[PDB]
Novice: 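Provided herewith is a single structure, encoded as structure tokens, for subsequent inquiry.
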Amino acid sequence: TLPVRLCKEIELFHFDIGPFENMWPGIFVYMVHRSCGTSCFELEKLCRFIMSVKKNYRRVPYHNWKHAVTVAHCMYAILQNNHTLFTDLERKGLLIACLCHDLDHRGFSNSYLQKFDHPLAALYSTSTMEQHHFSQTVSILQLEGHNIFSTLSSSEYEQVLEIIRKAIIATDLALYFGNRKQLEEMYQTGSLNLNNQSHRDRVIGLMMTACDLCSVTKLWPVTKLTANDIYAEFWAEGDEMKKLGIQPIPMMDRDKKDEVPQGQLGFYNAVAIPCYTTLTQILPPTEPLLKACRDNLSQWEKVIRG
Ligand SMILES: Cc1ccc2c(c1)nc(/C=C/c1cccc3cccnc13)n2-c1cccc(OCCCN2CCN(C)CC2)c1
Ligand SMILES: [Mg+2]
Ligand SMILES: [Zn+2]
């Protein structure tokens with residue numbers, strides 16, 4: 001039973017879940033209930049699944065429960081504004097996939113795991129944590145009384161995994177660049193085809209990147225505050241590198257906080273802005289994401305300038 005006041009306020013793209021930690025796992029069911037129905041999943045299964053997912057978000061600074069829900073929300077906003085375009089399955093999974101996209105995150109980029117032969121880089125040669133976030137996803141699903149897609153036909157089943165799986169791998173920011181430069185061409189050549197499955201996959205994947213970065217798309221106090229937590233997990237990875245001798249990259253160096261505003265500026269102009277741009281080119285209604293990103297770009301600009 002969520003409060004009625006927010007009912008309208010959560011449908012906004014700039015909605016921030018921060019002030020409502022109490023409510024985060026309700027909000028999900030809320031967003032699930034509004035998109036796909038109340039008769040989507042067996043109600044009791046769906047709450048089990050959710051808090052188990054919650055339990056399996058480490059107490060990391062950034063890639064933690066709050067983040068899974070914020071992303072989760074941003075996927076909600078996009079699908080509420082693109083009603084017509086997404087199968088009923090996709091929707092379901094895309095919100096599930098979003099809530100689970102970062103399961104059991106340690107606070108460490110793939111490069112950390114792969115420069116230090118972590119087992120995960122042994123299992124997952126590439127896209128290391130994502131292949132793992134899907135792994136964790138399956139396992140919690142295969143908890144008894146947690147499988148919510150038991151409702152489906154085995155051929156609808158295997159399809160909600162393959163959506164879920166691709167969207168989880170697509171949050172691998174290293175794969176984003178190809179995806180979005182590839183979608184830029186397909187747009188510019190008139191060769192985008194919503195009926196083409198792989199074409200849908202790329203679009204889903206860009207939606208997953210826009211969702212995953214959506215902290216850049218909030219109001220400036222929300223956005224600046226979330227930035228504190230992004231570097232607290234970055235710089236932490238930096239720490240473990242000096243202890244191991246290698247000076248970490250600038251992104252991850254507590255001794256270079258002062259260069260952070262300009263680094264934000266360059267992340268926006270090379271990752272954030274291209275992503276919501278192609279997002280708006282393909283899905284026109286998603287443009288308040290782009291517009292909020294631009295507002296925050298000005299801010300980091302205005303911060304660099306004094
Ligand atoms: C001092 C300093 C220097 C560079 C900084 C920096 C600070 N902060 C960033 C980016 C903050 C960032 C990174 C990831 C997700 C956010 C979400 C919201 C806000 N910010 C951020 N960057 C930055 C931004 C983009 C790229 C970059 O270096 C080029 C490498 C590109 N990477 C980017 C991501 N990796 C995993 C794969 C490809 C550096
Ligand atoms: Mg992730
Ligand atoms: Zn994420």
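All residue numbers refer to positions in the sequence shown, counting from 1. Scope of the values below: all heavy atoms of this structure, side chains included, with no hydrogens, waters or symmetry mates.
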Novice: Going by atom types alone, do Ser198 and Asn196 pair a side-chain donor with an acceptor below 3.5 Å?
Specialist: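 There is such a pair between these side chains.
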Novice: Any link between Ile282 and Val271 through a network of hydrophobic side chains (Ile, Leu, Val, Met, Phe, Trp, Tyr) touching at under 4.5 Å?
Specialist: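 Yes, because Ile282 and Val271 connect within a single hydrophobic cluster, where side-chain heavy atoms sit under 4.5 Å apart.
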Novice: Parallel, tilted or perpendicular: which describes the rings of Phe108 and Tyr112, with under 30° parallel and over 60° perpendicular?
Specialist: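 It falls in the tilted class, 30° to 60°.
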Novice: When hydrophobic residues are tied together by side-chain contacts of less than 4.5 Å, even through go-betweens, does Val160 share a cluster with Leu46?
Specialist: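 Yes, one cluster joins them.
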Novice: Are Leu173 and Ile204 connected, step by step, through hydrophobic side chains (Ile, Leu, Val, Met, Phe, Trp, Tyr) whose heavy atoms are closer than 4.5 Å?
Specialist: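 In one cluster: yes.
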Novice: Going by the rule side chain to side chain contact (heavy atoms under 4.5 Å, CB included), which residues pair with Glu259 if we only count those two or more places apart in sequence or in a different chain?
Specialist: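 Listed in chain order: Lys256, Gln262.
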Novice: My understanding is that only residues two or more places apart in sequence, or in another chain, count here; which of them pass salt bridge (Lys or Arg N to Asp or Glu O under 4.0 Å) with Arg305?
Specialist: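 For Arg305, the residues satisfying salt bridge (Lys or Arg N to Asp or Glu O under 4.0 Å) (neighbours in sequence not counted) are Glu301.
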Novice: I'd like to check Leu290 versus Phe13 (side-chain heavy atoms, cut-off strictly below 4.5 Å). Are they in contact?
Specialist: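 Heavy-atom side-chain distance check fails, nothing below 4.5 Å.
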Novice: Are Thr151 and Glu42 linked by a side-chain donor-acceptor pair shorter than 3.5 Å?
Specialist: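 Their side chains do not contain a donor-acceptor pair, so the 3.5 Å distance test is not met.
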Novice: Mind checking what makes side chain to side chain contact (heavy atoms under 4.5 Å, CB included) contact with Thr70, not counting sequence neighbours?
Specialist: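 Listed in chain order: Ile17, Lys66, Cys214, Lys218.
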Novice: Between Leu123 and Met129, is there shared hydrophobic-cluster membership here, with clusters defined by ILVMFWY side-chain heavy atoms closer than 4.5 Å?
Specialist: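 Yes, it is one cluster - the side chains of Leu123 and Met129 are joined through contacts under 4.5 Å.
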Novice: Report yes or no: do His67 and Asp229 form a side-chain donor-acceptor pair below 3.5 Å?
Specialist: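 Per modelled atom types, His67 and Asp229 side chains form no pair under 3.5 Å.
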Novice: Check this for me: does any side-chain nitrogen of one of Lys257 and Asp255 sit under 4.0 Å from a carboxylate oxygen of the other?
Specialist: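 Salt bridge absent between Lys257 and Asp255.
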Novice: In terms of ring plane angle, is the pair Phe149 and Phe41 parallel, tilted or perpendicular, where the classes change at 30° and 60°?
Specialist: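 Rings of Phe149 and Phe41: perpendicular, over 60°.
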Novice: Does the pair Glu184/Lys181 count as a salt bridge with the N-to-O cut at 4.0 Å?
Specialist: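 No, this pair does not count.
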Novice: Do you see a donor-acceptor pair shorter than 3.5 Å between the side chains of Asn147 and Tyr157?
Specialist: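 Short answer, yes.
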Novice: For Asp253 and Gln247, which I'm curious about, is there any donor-acceptor pair between the side chains at under 3.5 Å?
Specialist: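 There is such a pair (donor and acceptor under 3.5 Å, judged by atom type) between the side chains of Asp253 and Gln247.
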Novice: Without hydrogens or angle criteria, can the side chains of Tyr187 and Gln182 be said to hold a donor-acceptor pair below 3.5 Å?
Specialist: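 No, no side-chain donor-acceptor contact under 3.5 Å.
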Novice: Is a side-chain donor or acceptor of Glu130 paired with a backbone partner of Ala170 at a separation under 3.5 angstrom?
Specialist: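 Not confirmed, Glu130 side chain does not pair with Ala170 backbone.
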Novice: Is the distance from the ring center of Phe15 to that of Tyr76 below 6.0 Å?
Specialist: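 Here the rings of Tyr76 and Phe15 have centres that are no less than 6.0 Å from each other.
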Novice: Assert yes or no for the condition that the ring centre distance of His105 to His133 is strictly below 6.0 Å.
Specialist: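 Centroid separation for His105 and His133: below 6.0 Å.
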Novice: If you define the side chain from C-beta out and look only at heavy atoms, does anything of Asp212 sit under 4.5 Å from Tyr176?
Specialist: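 When only atoms from C-beta onward are counted, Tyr176 and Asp212 do not touch, as no gap falls below 4.5 Å.
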Novice: Please tell me whether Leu113 and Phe134 are part of a single hydrophobic cluster in this structure, the criterion being side-chain heavy atoms less than 4.5 Å apart.
Specialist: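 No: no chain of side-chain contacts under 4.5 Å links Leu113 to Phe134.
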Novice: Decide yes or no for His83 and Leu79: does some side-chain heavy atom of the first lie under 4.5 Å from some side-chain heavy atom of the second?
Specialist: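 Sidechains of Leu79 and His83: no contact.
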